[PDB]
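Oh and the sequence shown: position 279 is 279 in the entry's author numbering, straight run, nothing missing.
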Amino acid sequence: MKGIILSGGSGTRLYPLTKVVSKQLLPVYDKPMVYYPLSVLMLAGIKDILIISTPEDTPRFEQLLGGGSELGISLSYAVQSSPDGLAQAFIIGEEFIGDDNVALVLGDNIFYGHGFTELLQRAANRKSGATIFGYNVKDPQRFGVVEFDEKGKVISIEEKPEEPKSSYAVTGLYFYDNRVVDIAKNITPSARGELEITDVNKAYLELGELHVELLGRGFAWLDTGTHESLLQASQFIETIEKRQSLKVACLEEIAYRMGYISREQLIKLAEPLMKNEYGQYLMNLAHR
Ligand SMILES: O=c1ccn([C@@H]2O[C@H](COP(=O)(O)OP(=O)(O)O[C@H]3O[C@H](CO)[C@@H](O)[C@H](O)[C@H]3O)[C@@H](O)[C@H]2O)c(=O)[nH]1
Ligand SMILES: Cc1cn([C@H]2C[C@H](O)[C@@H](CO)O2)c(=O)[nH]c1=O
């Protein structure tokens with residue numbers, strides 16, 4: 001499986017925050033937003049990842065994450081010339097994806113909760129169909145929305161409905177088989193002139209292979225779209241971290257716990273950052 005992080009968009013709502021800094025490099029407590037969705041692809045066992053951003057911000061993610069091999073993964077970069085919607089990721093990434101299955105995660109999505117990584121791996125290792133993730137939210141009409149039935153099987157899937165048929169939001173994390181690129185090629189802009197992931201999910205629904213994993217109320221799903229939610233997501237992270245002295249979405253911890261790196265490689269990483277807390281945190285970990 002390959003991974004794609006959609007990490008672009010013009011950053012309107014966060015102005016002036018986003019005047020000279022890209023949205024997904026802004027802090028969520030103690031590390032760049034982008035670390036959060038990257039962590040998720042890593043835990044799913046995806047080792048080969050395309051990061052998409054704007055022409056002016058794409059180089060700045062590349063300056064931060066490099067080419068991935070310090071995390072013992074592989075990272076690549078592509079420019080989205082402008083934000084024509086999320087399905088466009090599969091067009092822009094057609095060539096990085098090629099022959100394989102692909103998972104898409106939104107660059108401004110924070111996921112967290114016990115057992116989450118078991119769910120991610122089932123999905124990441126499924127070799128056909130789509131997997132999407134649902135979550136009971138306050139104002140479901142703000143999001144894609146999935147209604148399902150009895151057995152947990154999907155009866156519909158609609159983008160931002162004036163009258164939502166369900167509380168379960170479709171979240172910014174998606175797993176697909178190889179058919180998705182030719183799917184995204186063959187549908188067209190909506191009323192807001194974007195290529196909609198909902199219509200990508202609608203297609204899989206017709207093929208009879210759209211799976212939902214529904215996330216219960218023990219998971220957290222936040223997105224970092226506004227000054228209010230950004231700060232909220234921030235408080236929520238530091239509360240988890242202050243308490244347990246474990247970090248959320250520390251990339252190097254995940255590379256190592258996941259096998260992508262060795263103790264000795266983790267130690268080479270810790271070593272130059274020993275002047276700061278994040279480095280001592282990595283070093284503590286190698287000591288076990
Ligand atoms: O072409 C694009 C479009 C969006 N983005 C970014 O991707 C994120 C998603 O866009 P946004 O406008 O914030 O959300 P919506 O487009 O309204 O909704 C999408 O993302 C939601 C995630 O909350 C889902 O619930 C919806 O079903 C899905 O349509 C944002 O961070 C954008 O900056 C890009 O980088 N390029
Ligand atoms: C093991 C591990 C889990 N997680 C996250 C995934 C889940 O959302 C939550 C519980 O595993 O913690 C990390 O962020 N980093 C880690 O190193």
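All residues carry an ideal CB built from backbone N, CA and C; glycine is no exception.
Of the residues the options, the one placed nearest residue i, counting alpha carbons only
i: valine 248; options: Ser7, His114, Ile187; result: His114
i: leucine 38; options: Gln141, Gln121, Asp30, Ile49; result: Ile49
i: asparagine 178; options: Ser53, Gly279, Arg126, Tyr278; result: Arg126
i: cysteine 250; options: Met42, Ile5, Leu17, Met1; result: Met42
i: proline 164; options: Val137, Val181, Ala184; result: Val137
i: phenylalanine 175; options: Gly45, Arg60, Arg217; result: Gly45
i: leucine 119; options: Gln244, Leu215, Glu264; result: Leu215
i: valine 34; options: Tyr15, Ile4, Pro16; result: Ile4
i: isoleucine 267; options: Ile254, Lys275, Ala286, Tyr260; result: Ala286
i: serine 229; options: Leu26, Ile261, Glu196; result: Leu26
i: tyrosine 256; options: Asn201, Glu196, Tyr36, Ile73; result: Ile73
i: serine 81; options: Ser22, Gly8, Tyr15; result: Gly8
i: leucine 173; options: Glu206, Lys185, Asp223, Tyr15; result: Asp223
i: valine 180; options: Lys151, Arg217, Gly98, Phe219; result: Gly98
i: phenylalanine 116; options: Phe219, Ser245, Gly259, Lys153; result: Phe219
Burial state of residue i, where buried means 16 or more other Cβ atoms lie within 10 Å
i: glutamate 95; result: exposed
i: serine 234; result: buried
i: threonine 239; result: exposed
i: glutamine 232; result: exposed
i: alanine 123; result: buried
i: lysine 19; result: exposed
i: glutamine 24; result: buried
i: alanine 191; result: exposed
i: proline 32; result: buried
i: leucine 210; result: buried
i: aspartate 182; result: exposed
i: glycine 208; result: exposed
i: residue 289; result: What is shown of the chain runs 1 to 288, which leaves residue 289 out entirely.
i: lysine 2; result: buried
i: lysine 47; result: buried
i: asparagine 276; result: exposed
i: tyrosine 112; result: buried
i: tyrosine 15; result: exposed
i: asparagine 101; result: buried
i: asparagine 284; result: exposed
Cβ neighbours of residue i in the same chain (closer than 6 Å, five flanking residues each side left out)
i: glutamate 158; result: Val145
i: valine 79; result: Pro55, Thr58
i: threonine 171; result: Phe133, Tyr135, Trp221
i: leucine 65; result: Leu75
i: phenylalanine 143; result: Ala169
i: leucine 273; result: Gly279
i: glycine 67; result: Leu75
i: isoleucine 187; result: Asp199
i: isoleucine 261; result: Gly72, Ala255
Nonlocal neighbours in the same chain, by C-beta distance under 7 Å from residue i, ignoring five residues either side
i: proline 161; result: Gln141, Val145
i: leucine 6; result: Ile52, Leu86, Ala89, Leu104, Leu106, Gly107
i: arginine 13; result: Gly225, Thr226
i: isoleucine 155; result: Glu147, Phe148, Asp149
i: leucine 269; result: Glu70, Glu252, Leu282
i: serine 10; result: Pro83
i: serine 166; result: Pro140, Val145, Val146, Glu147
i: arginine 60; result: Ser22, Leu25
i: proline 189; result: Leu195
i: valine 40; result: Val105, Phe111, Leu120, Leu173
Integer-rounded CB distance, given that residue j should sit under 8 Å from residue i
i: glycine 279; j: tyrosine 204; result: That pair is no contact at about 43 Å.
i: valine 212; j: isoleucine 110; result: In fact, because the Cβ distance is near 20 Å, the residues do not count as touching under 8 Å.
i: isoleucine 91; j: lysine 185; result: 6 Å
Residue i Cβ short of 7 Å to ligand 4 heavy atom set
i: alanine 169; result: This structure lacks ligand 4; its bound ligands are ligand 1 and ligand 2.
Return the chain-ordered ranges of every beta strand (DSSP E) run that is complete within the segment 60-108 and spans a minimum of 3 residues. The segment 60-108 contains these whole beta strand (DSSP E) runs: 74-79, 102-106.
Please give me, in chain order, every unbroken run of the alpha helix (DSSP H) with length at least 4 that falls completely inside the segment 194-223. Whole alpha helix (DSSP H) segments, 4+ residues: 197-206.
Beta strand (DSSP E) segments (min. 3 residues) lying fully within the segment 20-60: Runs of the beta strand (DSSP E) inside the segment 20-60: 48-53.
Please go through the segment 121-146 and give each complete beta strand (DSSP E) segment of 3 or more residues, from N-terminal end onward. Listed in chain order, the complete beta strand (DSSP E) runs (minimum 3 residues) inside the segment 121-146 are 130-136.
Beta strand (DSSP E) segments (min. 3 residues) lying fully within the segment 141-186: Fully enclosed beta strand (DSSP E) runs of 3 or longer: 144-149, 153-159, 168-176.
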